[PDB]
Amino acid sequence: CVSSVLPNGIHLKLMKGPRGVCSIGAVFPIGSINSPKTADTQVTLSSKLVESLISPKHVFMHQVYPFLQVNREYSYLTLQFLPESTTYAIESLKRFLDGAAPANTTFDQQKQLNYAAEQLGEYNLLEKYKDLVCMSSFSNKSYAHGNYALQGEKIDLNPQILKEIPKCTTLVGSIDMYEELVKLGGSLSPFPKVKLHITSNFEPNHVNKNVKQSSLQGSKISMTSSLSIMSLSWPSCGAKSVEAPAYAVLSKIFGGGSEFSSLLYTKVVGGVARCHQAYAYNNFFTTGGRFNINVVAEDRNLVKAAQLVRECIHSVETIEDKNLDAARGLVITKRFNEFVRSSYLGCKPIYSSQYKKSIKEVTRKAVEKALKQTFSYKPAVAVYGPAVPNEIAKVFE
């Protein structure tokens, strides 16, 4: 990491590491919540993107690898390329930041893709867990706005946010892209806007996204499209907070897995016949966290599976010294994307030495504290499917 603050106030975060592949991009505090509905932000930024790269033929001819992550509270764009493609890479990024609205033909093509997102493999089980946690565990109901429209509802271009991007952009890149990005940042507005955005508070809501899943998803006849997802969410800590290493450890204590070994694997997948998978994640937001446990099982088995998760919670109290350390071991592992993700949040990157230190540098003490404060909350309960969420809820009293 190399942090500059440019002549015009724009920040620049450069990644350390050996040369060969060039990286540029922009991160900004605009996410899916800064538009009135699901996919509005997603389809908007997409439209801007495809226009900024002129054509897919241009992207191909220059062998540029673009990646756009739109989250609830913030978004980032990353381009990857070989040095001979710098000119086009920069120019394209400059176009993304210029604030102009895209043509409507572009927007229509882009919403077509968005409606088709599950069929094309763009709306996997990971993206569903997020949505469920986000439509269930927040007091502010606009966190329910995701990136992927329901077959029914509408999508609308949001111009405001395109004018807003240059006004709150931090630029990012590999160290070899310093002078190119300093020039780029220079051409932007002095000086960046500052807005107080805090993550919305926890609320243990009980919701359903009772929606049909496409049989074919990408190139797979999905093995899970007839099963339901149960997302149980509790509050944790922000990305920065001193508790985050223990919380990461705690997620791996829980762990998970499929078929086609930790607590959720042995207790929850083994315990429920026709349960494809279960996973725990510690998901971070601008100023908070959601610890979530996700179960993909038959609709009829969720209440059963919920009980087995409560057993799992109780088993953490008397965890053996082996696994309080094996879960420290399971926190060991797109290198640029983590650089950008961590940079916005303020945390240490998952690849860095300092972070892998933090893992060893927290014991049973800080783990127990974390388990204690988290599960002393009633869970948010979401279901992808028909299952009545209050039935699952009653499991936790």
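Residue positions are given as counts along the sequence shown, with the first one as 1.
Colleague: Relative to the deposited sequence, how many residues with no modelled coordinates occur between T333 and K334 (none, 1 to 3, 4 to 9, 10 or more)?
Modeller: Missing in between: 10 or more residues.
Colleague: Are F260 and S261 truly consecutive in the deposited sequence, or are residues between them missing coordinates? Give the number as none, 1 to 3, 4 to 9, or 10 or more.
Modeller: Going from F260 to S261, the model skips 4 to 9 residues of the deposited sequence.
Colleague: Which wins on mean Cα temperature factor, 141-149 or 191-199?
Modeller: Result: 191-199.
Colleague: As stated in the PDB record, which stretch has the larger average Cα B-factor, 158-166 or 122-130?
Modeller: That would be 158-166.
Colleague: Quick one: which of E338, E368, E51, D40 has the biggest Cα B-factor according to the entry?
Modeller: Result of the comparison over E338, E368, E51, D40: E368.
Colleague: Whose C-alpha has the highest temperature factor in the PDB entry: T224, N205, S214, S241?
Modeller: Across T224, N205, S214, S241, the entry lists the biggest C-alpha B-factor for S241.
Colleague: Going by what the PDB entry lists, where does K252 fall on CA B-factor within its chain: lowest, middle or highest third?
Modeller: Top third by C-alpha B-factor.
Colleague: Which third of the chain holds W234 when residues are ordered by C-alpha B factor: lowest, middle or highest?
Modeller: Middle third by C-alpha B-factor.
Colleague: What third of the chain, by the recorded C-alpha B-factor, contains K111?
Modeller: It falls in the bottom third of the chain.
Colleague: Ordered by C-alpha B-factor within the chain, which third holds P36? Give me lowest, middle or highest, please.
Modeller: Answer is middle: the recorded C-alpha B-factor places it there.
Colleague: What third of its chain's C-alpha B-factors does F291 belong to: lowest, middle or highest?
Modeller: For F291, whose C-alpha B-factor we compare with every modelled residue in the chain, the answer is the lowest third.
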